[PDB]
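Protein chains in written order, with the deposited numbering: chain V, 15 to 158, 169 to 216; chain X, 2 to 244; chain U, 2 to 112, 126 to 153; chain Y, 126 to 238; chain 2, 55 to 92. Positions of the beta carbon are idealized from the N, C-alpha and C atoms, including for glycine. The structure appears below as structure tokens.
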Amino acid sequence: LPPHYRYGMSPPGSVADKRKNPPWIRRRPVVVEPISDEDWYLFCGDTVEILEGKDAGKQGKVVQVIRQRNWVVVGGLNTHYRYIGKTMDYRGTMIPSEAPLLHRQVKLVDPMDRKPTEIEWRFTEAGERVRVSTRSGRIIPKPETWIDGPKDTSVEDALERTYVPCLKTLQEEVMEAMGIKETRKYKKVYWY
Amino acid sequence: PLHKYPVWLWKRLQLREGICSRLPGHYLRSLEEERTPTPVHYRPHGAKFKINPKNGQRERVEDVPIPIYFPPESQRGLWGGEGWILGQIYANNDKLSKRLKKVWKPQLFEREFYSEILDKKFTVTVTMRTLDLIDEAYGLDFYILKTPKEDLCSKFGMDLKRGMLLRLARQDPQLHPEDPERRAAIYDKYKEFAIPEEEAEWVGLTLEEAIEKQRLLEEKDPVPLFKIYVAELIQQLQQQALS
Amino acid sequence: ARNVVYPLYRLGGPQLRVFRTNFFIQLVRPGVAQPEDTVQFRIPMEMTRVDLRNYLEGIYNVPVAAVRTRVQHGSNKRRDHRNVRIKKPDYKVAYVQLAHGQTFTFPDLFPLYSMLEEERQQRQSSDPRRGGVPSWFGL
Amino acid sequence: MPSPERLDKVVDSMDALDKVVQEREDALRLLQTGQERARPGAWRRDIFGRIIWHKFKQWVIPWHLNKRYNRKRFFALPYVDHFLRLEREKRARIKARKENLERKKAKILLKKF
Amino acid sequence: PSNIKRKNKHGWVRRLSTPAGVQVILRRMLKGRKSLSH
RNA sequence: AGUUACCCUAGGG
RNA sequence: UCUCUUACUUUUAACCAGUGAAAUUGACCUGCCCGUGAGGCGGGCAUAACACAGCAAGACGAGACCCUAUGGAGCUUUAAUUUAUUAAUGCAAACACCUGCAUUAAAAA
RNA sequence: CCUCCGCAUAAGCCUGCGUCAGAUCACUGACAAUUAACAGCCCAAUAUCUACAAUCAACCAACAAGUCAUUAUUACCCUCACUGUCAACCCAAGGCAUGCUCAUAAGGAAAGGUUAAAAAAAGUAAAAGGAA
RNA sequence: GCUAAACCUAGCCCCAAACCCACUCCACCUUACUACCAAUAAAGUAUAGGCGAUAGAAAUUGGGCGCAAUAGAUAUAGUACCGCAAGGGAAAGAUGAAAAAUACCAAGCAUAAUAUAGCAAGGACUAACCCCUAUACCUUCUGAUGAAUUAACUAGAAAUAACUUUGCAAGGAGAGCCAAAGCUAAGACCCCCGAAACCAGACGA
């Protein structure tokens, strides 16, 4: 993907993205404040409080994070209205649409105080690093079966250790085990 | 922008960088020397100062060596400190005449000498001046081990020098077999220029030749990790045993 | 194997063996009418005819009677926004005639909306006799 | 395509298998021979004066009677060093531009925030 | 037009055959040309 | 020192 | 060919439809006679506005020739002086080749 | 109704009127294809042999004097790999090597519609005279 | 109201600092990208020179009053394109927090063709025209040249002396230099485009 490529709500490869960002656009880049990977503290599934714009003071859940633009999409909040399925003769159906919010316009919420608080990333003996609130010494945990198929290896077969560490190459082990015999000896050649 | 270092310092920087840095110190010193070859094609001034007849005051005078072009044939032979003078002249020694190109070539003589220390008849292209420094130095041997690199200005001269100095350093019995008294006589005759063998090994080497020697010297087959690990395991067992 | 140096052979030397083959293959539907015993493959450029025969015989236990190969030239007649030519890669086509009177035919592979559709039956299209007056009002 | 993810998964699995076998091969080679690479090679200096890693090929005859090999020049004549210097200066220019542009971008970032 | 003629006069081998051709290639490499030869 | 119908360039009539 | 041109056909052309350049262009509300020095000045005269097709009298549009430059280039020589050289000689050096110093020519500046 | 063109190979070019879909006197995206017997791609050494043209090659007929070949000893046992193969095409804005057909079995279309002015171009016919 | 206009930021420039680059596998000197065979000062002083145009020592001393898409790199790229080759060498983009929300201004025209007469105006006028007055401009001659039009770009660079204004004053000046009111500091003077040639090294014929 080209440099200064503009990240948006549609995923970087989608049809809407190829339409919005064809291979020949050169727009003004967006100034995103550099937040280190270990300084980020809003995750998908997090409950958050909205400070700015419409829906200020309402609490929601982080549905998507676009970390390339310090963006959090709070599901059902910061919402305008758009029509979908606009055909030639049908106006389509109106639906609520979310606009991204910068991380500065969103705070995290304690599970018992239910108030917006600042967060630091403190080390814990049990867990090497975890979030903590500032107003209180409370940790905020990170939020969010199967059937084996005809071509899925069982865990019992997958984890079995059949490897005996030896000083033979795969070629040699396979030749010995497959009973391939070779009496002809390699005649050394010149390398240069 | 600007370079950190002047461009003429880049050769000197390179000499301290890699395999050049790993060369013997004495050889790098020999490369570093810049001392001036003795005047051959120009007359040096008597003194540093001189009173000119024009204004009658004393000024300092310097001798600016005339550039000498040494054709590659000179490196095979043994000329003096002399070679070609690629210059210009005025048509009839008058500055109001045209300027026209001249080359001054030496007179080459295909003479034949005998190196006693190397005990060999060498046929060499020389100059009359070479014969003169031969006479003043009392022999090809003394001439070769006396005359410095810039005054010799010959690769063949330095090959002879390196051979001679190695033969001295090695105390080599192969000069005159079944003839020890003459060998000792010749070897004592040149006790003055006795040098360590390591120093004699790198004498007269062009820089590329020295790099080639060094890269041979430090070329070793990589020792297999098997014996390193075996020795480490043995050492650990020794440490555990003493516990 | 592709993208490897092959050990050089000299007279009376061991057989060259490949233990984990590196080139992969697809059998594609012919674009034209072909005999019944002919199977068409797309094949890497380095893979030879003997290699393909041995590959099928060994890995897939397919008895192969004949193999033919051609190199298909990909088009260079298409350009970027920068008027720079875009290359469709060249590839190798193999035609494998099966042995023992066998036959191959290419198999017939490939033989949120609720609310949108439920409102799609609730058009209640504009009545011509109303003449543009909104139908929402109960008056 | 019905499910294109499993193609990527198969490719990743085969890359993993290649990595595992290659690790074993190089561990054994380091143990027995001490060499770090399977193919012999050297640090040479081609006609254009640049240092390259020449990888060796397999031949039947030794190199001194190899007519084609001896046509190649693994040395640079003194007319190359000027071009080497000019390339060095071109690289220096590109680096200076890059580092300066990074610094300007940092200034802009600090201005906005 | 002839491919033999073209590769004979302006090709890589003909260029590297002489110091002048090596300098042509070096000039083109400094300029950043995509095609250094025929 | 001649010469240019091979002359050439900047201008002028 | 001409006295001496005529008829026909095709192309072109004119009109209808589609597509659609270029040189050119100070601005123009762009007349005639005479005079001065001519669509534009002076004196007379004329004079509603508006296409399309024509014509080619005027408006508007190369190829030469001479001179100049304290501007070039080439060619020929018995311009300047010189022989860097190349061919010869003569003399030095060395025990003929190679070198240094002078002279004579061709080809040269 | 034209055909002085055509069909192959070479050279050159490089997917450049195949299918599906779309936009634009009235190209883009996707998919598909040229399958070797033709043609490229050759040759184990060491010596040692290679005077008498072609032209129906027989006379004739000559000068410019010619386009062609093996032997001895030694070594030798594995075999059908690789590559070109498409088109309405190239070079310039008319030219093009070779073979085959010498009007075609192959290949094409001079008229966008009308009118029937001038001038212009080409063609045909022209009394009497026939270079004025 | 069409055509259009407008936009800031990609990047770049000059410094400082610091001495840079170069083997995933594979292929590449054969027709390349082809597995494999015979500081400052001394000082513009001494000096050199058709002693002239000019040339000229030494001893000695010690981040931004930057550009911001015709700019700034040629650079969106040494790409497209041109050339057999060496080689030459471009143009251009702009919404917003979200696209998982689609007005007003060049020339040229249109709305809206024209009416005796004439550098197209000026004086006027109740009144557009009618009346009166009015030889386009620039350059070069003493008094033919160029230009369709719009937008952008586009052309005076040197402080010796002197002068003015300060400082200090027989001294001035932060070494060196000058001084018979001088010395120190400042200010203020010297454009753009446009040959044939010659030389060096390549590339083709």
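| query | result |
| --- | --- |
| Rounded C-alpha distance that separates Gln172 (chain X) from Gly65 (chain 2) | 59 Å |
| 8 Å contact criterion, which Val120 (chain V) and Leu56 (chain V) should meet: CB distance rounded | 6 Å |
| Selected residue, minimal CA-CA separation from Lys236 (chain Y), among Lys205 (chain V), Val87 (chain V), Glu47 (chain V) | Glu47 (chain V) |
| The segment 10-18 of chain X in contact with the segment 43-60 of chain X per 3-pair CB rule at 8 Å | no |
| Buried or exposed by the 16-neighbour rule on C-beta atoms within 10 Å, applied to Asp53 (chain V) | exposed |
| Alpha carbon of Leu153 (chain U) to alpha carbon of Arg143 (chain U), nearest angstrom | 16 Å |
| Backbone secondary structure at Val97 (chain U) - three-state DSSP | strand |
| Nonlocal neighbours in the same chain, by C-beta distance under 6 Å from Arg149 (chain V), ignoring five residues either side | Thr131 |
| Segments assigned alpha helix (DSSP H), at least 4 residues, entirely inside the segment 203-229 of chain X | 208-218 |
| Span of the alpha helix (DSSP H), counted from its first residue to its last, around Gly158 (chain X) | 156-171 |
| Positions along the segment 150-165 of chain Y whose CB lies within less than 7 Å of some CB in chain X | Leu155, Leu156, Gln157, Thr158, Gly159, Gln160 |
| Meets three-Cβ-pair contact criterion under 8 Å: the segment 86-105 of chain U and the segment 64-74 of chain U | yes |
| Partners in chain 2 for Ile172 (chain Y), counting only beta-carbon separations shorter than 7 Å | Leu70, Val76 |
| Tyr216 (chain V) and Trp168 (chain Y) closer than 8 Å at C-beta | no |
| Local conformation of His18 (chain V) per DSSP, three classes | coil |
| Per-residue contacts from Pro15 (chain U) into chain V (C-beta, under 9 Å) | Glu206, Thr207, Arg208, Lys209, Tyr210 |
| Among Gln78 (chain V), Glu197 (chain V), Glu134 (chain V), nearest to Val86 (chain V) - alpha-carbon criterion | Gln78 (chain V) |
| Any 3 or more C-beta pairs closer than 8 Å across the segment 211-227 of chain X and the segment 179-187 of chain X | no |
| Counted within 10 angstroms of its Cβ, other Cβ atoms place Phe111 (chain U) as buried (16 or more) or exposed | exposed |
| Cβ neighbour criterion (16 or more within 10 Å) applied to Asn62 (chain 2) | exposed |
| 7 Å Cβ cut-off: residues of chain U touching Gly99 (chain V) | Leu130 |
| Within chain X, the residues that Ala201 (chain Y) reaches when beta carbons sit closer than 8 Å | What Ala201 (chain Y) touches in chain X: nothing, since even the nearest Cβ is about 12 Å away. |
| Where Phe107 (chain U) falls, given that 16 or more other Cβ within 10 Å makes a residue buried | exposed |
| Nonlocal neighbours in the same chain, by C-beta distance under 7 Å from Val72 (chain U), ignoring five residues either side | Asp91, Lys93 |
| Range covered by the alpha helix (DSSP H) that runs through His64 (chain 2) | 57-64 |
| Beta-carbon proximity list for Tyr21 (chain V), same chain, < 7 Å, skipping 5 on both sides | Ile80, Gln82, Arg83 |
| Segments of 3+ residues assigned as beta strand (DSSP E) that fall wholly inside the segment 53-101 of chain X | 59-61, 86-91 |
| Chain 2 within 8 Å of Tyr194 (chain Y), Cβ atoms only | no |
| Residue of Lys220 (chain Y), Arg193 (chain Y), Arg175 (chain Y) minimising C-alpha distance to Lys182 (chain Y) | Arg193 (chain Y) |
| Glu133 (chain U): contacting residues in chain V (beta-carbon distance under 7 Å) | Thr107 |
| Cβ-based burial, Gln41 (chain U) [other Cβ within 10 Å; buried from 16] | buried |
| Backbone secondary structure at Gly174 (chain Y) - three-state DSSP | coil |
| Inter-residue spacing [alpha-carbon to alpha-carbon] between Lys5 (chain X) and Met83 (chain 2) | 25 Å |
| Integer-rounded CB distance, given that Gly82 (chain X) should sit under 8 Å from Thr39 (chain X) | 6 Å |
| Boundaries of the beta strand (DSSP E) in which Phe114 (chain X) is found, first to last residue | 110-116 |
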